[PDB]
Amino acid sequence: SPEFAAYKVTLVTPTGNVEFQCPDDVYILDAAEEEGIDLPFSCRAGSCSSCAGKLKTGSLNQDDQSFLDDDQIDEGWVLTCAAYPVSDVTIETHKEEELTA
């Protein structure tokens, strides 16, 4: 494993695609906000639905999230405030309304 790495993050938002580099040790949401991007959030701690998105391409680490159950992780759900990229990723944002619980 490299000590450090950078990953291309593409966010498909309701109003456009936005893209940015994200370090291996920076959450999706923080890397987006570093580039002026407006995403939904609240707790910023991985324990709610505000920042939910759907993984479309690549792989994510979500050790730091606690709200999504294993079934939801297997459905492609992502808490963008608690997810690190481990590859180039594409994520559809603003998806909280699709969650059941």
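Numbering starts at 1 and runs along the sequence shown.
- In this entry, 33-41 shows the higher mean Cα temperature factor of the pair 33-41 and 72-80.
- Residue-level temperature factors show residue 17 in the middle third of its chain, judged at the C-alpha atom.
- In this PDB entry, the Cα temperature factor of residue 66 sits in the top third of its chain's modelled residues, the highest group.
- When the CA B factors of the chain's modelled residues are split into thirds, the value for residue 88 lands in the middle one.
- Remark: residue 55 belongs to the lowest third of its chain, ranked by C-alpha B-factor as recorded.
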